[PDB]
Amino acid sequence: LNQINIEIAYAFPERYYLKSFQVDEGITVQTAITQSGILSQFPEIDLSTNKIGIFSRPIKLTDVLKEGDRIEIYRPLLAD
């Protein structure tokens, strides 16, 4: 079964949730969320109505844009 890496983020103000998981390719947004445990840690999250976006990277520049998409361009390296 092909494996991909995904992240889930949720900003519990003054202690952020930010976790990466290895998952079976084919998993949906709802399945990743419900299988992570995030809903047990934060029982105030309501998937029927909570607002959810996805940050995708890397992408192919040939991908088709949709309403409300933001393209973020940034630098891989710091310094001065």
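Just count from 1 along the sequence shown to find any residue number.
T49: CA B factor in the highest third of modelled residues in this chain (values from the PDB entry).
The entry lists a Cα temperature factor for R15 that places it in the highest third of the chain's modelled residues. Among the modelled residues of its chain, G26 has a C-alpha B-factor that falls in the highest third according to the deposited record. In this PDB entry, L61 carries a Cα temperature factor that places it within the middle third of its chain's modelled residues.
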